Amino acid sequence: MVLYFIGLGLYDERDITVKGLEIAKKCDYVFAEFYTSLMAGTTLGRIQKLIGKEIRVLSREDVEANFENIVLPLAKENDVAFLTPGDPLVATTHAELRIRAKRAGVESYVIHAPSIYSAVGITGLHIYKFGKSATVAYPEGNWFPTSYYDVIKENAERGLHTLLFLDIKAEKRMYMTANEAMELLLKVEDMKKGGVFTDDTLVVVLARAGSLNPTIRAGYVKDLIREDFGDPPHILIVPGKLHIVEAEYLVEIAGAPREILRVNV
């Protein structure tokens, strides 16, 4: 009689909220997608075990093209759940799926879960200081995406931090590293020459947020562009103007160069 959008969280199967688990356990059918993000600390098997149900994984086409044919039909006579990494409606187009549910006469509910969008708070950067977000997409063919560069520029001149989601090709199992994101940005800088992202730009890297020991590193591009941040997923952040307390955290916790403590008022 209902459809639930349930987030699974950041890293492993235990990142689902208690609410999400108790509800998922009682559903008649459970579907899921794992192409919008990467949960590096678990497996489908462990999720199924925890929920105690067989999970039917859908592909991007199954969802985008046939959600109303594959999932909604069952939701009319049963309690159905749709699982996703992180929070189901963050940096996805899943929100529109609720419209499909309504038109199909199916009531839907949303159960949130930890999202990278807020987990960035672990970098020590004030969340309210984050501006517009963007995604660094893999160039393909003669098409080289550059919009994310402009976002950084706009945020930076307002003194705001920029959160950069990194590209993912789930089927090909390719997860863009912070290193690759930095390389691509230097190329865009060369092309546009706006003085937005260079070897001296301070950046922050967060890898495998949600794990007990995520990698949190801060430093200049010249020094981090070749550093090993561990397995994906990775997120990249270009800080804006720092508050002393932010810099203080980047130094003490993320091992940033102590010179950043000296902020130019």
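Heads up: residue numbers just count along the shown sequence, starting at 1.
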For this session: Identify the stretch, either 44-52 or 200-208, whose C-alpha atoms have the larger mean B-factor according to the entry.
Result: 44-52
Problem set entry | Residue range whose averaged C-alpha B-factor is higher in the record, 170-178 or 147-155 | 170-178
Problem set entry | Per the PDB entry, maximal CA B factor within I111, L125, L72, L97 | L72
Exercise. Can you tell me which of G121, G86, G131, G194 has the highest Cα temperature factor in the record?
Worked result: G194
For this session: Name the third of the chain's ranked CA B-factors that contains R14, choosing lowest, middle or highest.
Result: lowest
For this session: Classify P257 as lowest, middle or highest third according to the C-alpha B-factor given in the PDB entry, relative to its own chain.
Result: highest
Exercise. Of the three thirds of its chain by CA temperature factor, lowest, middle or highest, which one includes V80?
Worked result: middle
Problem set entry | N142, C-alpha B-factor rank within chain (lowest, middle or highest third) | highest
Problem set entry | CA B-factor placement of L224, once the chain's modelled residues are sorted into thirds | highest
